[PDB]
Each structure stands twice: as structure tokens, then as C-alpha cells.
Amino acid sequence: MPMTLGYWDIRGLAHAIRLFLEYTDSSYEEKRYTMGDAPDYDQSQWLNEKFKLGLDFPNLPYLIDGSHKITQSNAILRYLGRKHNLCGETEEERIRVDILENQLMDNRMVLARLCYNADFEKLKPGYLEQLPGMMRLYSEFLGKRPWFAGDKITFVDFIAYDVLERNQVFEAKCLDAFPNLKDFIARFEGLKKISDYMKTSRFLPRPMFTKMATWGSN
């Protein structure tokens, strides 16, 4: 150690990982690659070492922890989760973690595809119309639980926070009809390690996507 987390200098797919690394008091440093502004979108910083890290499927984000070279955000979170017994304990909890992890990726992508679409403005009405139903499902799933798997936090809460909070940034009022989700967001940001982290210059809530996005590129 320290471990190395590599990703673009944006929130994107690494938000949950950065937050989880902080929560677990992990020893780590980061590579925050910069993408070119001009229509060139130069990625030389990343491309020059993309194949020199021992990654099987070279991609961003990646996590290097000794001999372990990992890509895919869910795999990185599970790896860290296993290290801290935060993947759910009971069979019931593990099932909730697995179901939600996948449901969240499905929803994350729907928003991502929309924001990366050149026709973003004309397509967003369709997304906003289905957003209440999307959020309703998460609200019903969480119920009165403090965390998504039950009474104890797991790595999936970090993915959940990222997705729910990002949607609230996209549409400020999307969680108002679902108080438990609003409480969840606050509860998450209230965790000592997270609260402290958010007051530091290392916290990177924006930009949401890369400079190639139509929305959230800043």
C-alpha cells in the first residue's frame, strides 16, 4: 500500500469507490486522468499507462492493491467489501445487496446514455416522466431500514447514494415524495468519515460525466 485508484478527473463511475475508501479508512492515493478539452479530447495521460498496469480488461476505474489489479466498479467495491465484511452477512442481506447492485447499474446506465446523447434535451422528458416510478421502487425497497441491506451499512449503500444523489442533482425534487430516500441521503452524508471528506478539496462531486457528455460535463 497505499492502494491506487485510477479514474478520470470527474465524479462519474468512481464516486462510490472514493466514498467507500474513505469510509473504510483505506490507505490509498489516486490517479485522476485529465481528458482534453478541444475536439481532440486528448487522453494521453491515461493511454500512456493503460497497458502497463497488469489489468486484464484495461479500463477506468481500476484499483491496484498489491498483486490485485481490478477493473469494473462493482468488482472494485466487492473486493473492498470482502476486505471489511461489508457485502452483507445473512443470506437475506446478501440477496438484497446483489439485487440492488444490479438494479442500480441498470438505472445508472439509463441516465448515462441520456446525458451522453446529442438529443439529450428532447429525450429528457421521457426520463423525467419515469423517474418517480424509478425512485418509488427504491423507496419501497428501503422501507424503514437505515441502510439498504438492513440495519448495517454495506458497499451497496455507496452505489445507492451515488445514484440517488445524482438523480437529485439532475432533478432537485425527485426525492421529495419519498422521505425515506431523503433521510438516507442525509444519513449517508452524516457518517463521520463522509462528512469530514466532503469538507476537503479531495471531494469531487462534479463534473458528473466526461467532457463528451451533453449534460453534466461542466
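The first residue of the sequence shown is number 1, and the count goes up from there.
Peer 1: Look up the CA B-factors in the entry and say which stretch, 50-58 or 158-166, has the higher mean.
Peer 2: Per the PDB record, 50-58.
Peer 1: Would you tell me which stretch averages the higher CA B-factor in the PDB entry, 21-29 or 203-211?
Peer 2: Looking at the recorded C-alpha B-factors, 203-211 comes out higher on average.
Peer 1: Per the PDB entry, which option out of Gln72, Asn107, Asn85, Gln130 has the greatest Cα B factor?
Peer 2: If I rank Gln72, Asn107, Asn85, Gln130 by C-alpha B-factor, first place goes to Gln130.
Peer 1: Just grab whichever of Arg136, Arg94, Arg145, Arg113 has the top CA B-factor as deposited.
Peer 2: Most elevated C-alpha B-factor of the set, per the entry: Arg113.
Peer 1: Among the modelled residues of its chain, does the C-alpha B-factor of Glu140 lie in the lowest, middle or highest third?
Peer 2: Answer is middle: the recorded C-alpha B-factor places it there.
Peer 1: Comparing against every modelled residue in the chain, figure out the third that the C-alpha B-factor of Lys193 lands in (lowest, middle or highest).
Peer 2: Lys193: CA B-factor falls in the lowest third of its chain.
Peer 1: Is the Cα B-factor recorded for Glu121 in the lowest, middle or highest third of its chain?
Peer 2: Tercile = highest for this residue's CA B-factor.
Peer 1: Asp151's Cα B-factor: lowest, middle or highest third of the chain?
Peer 2: As the PDB entry reports it, the C-alpha B-factor of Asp151 lands in the middle third of its chain.
Peer 1: Please place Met3 in the lowest, middle or highest third of its chain by C-alpha B factor as given in the entry.
Peer 2: It falls in the middle third of the chain.
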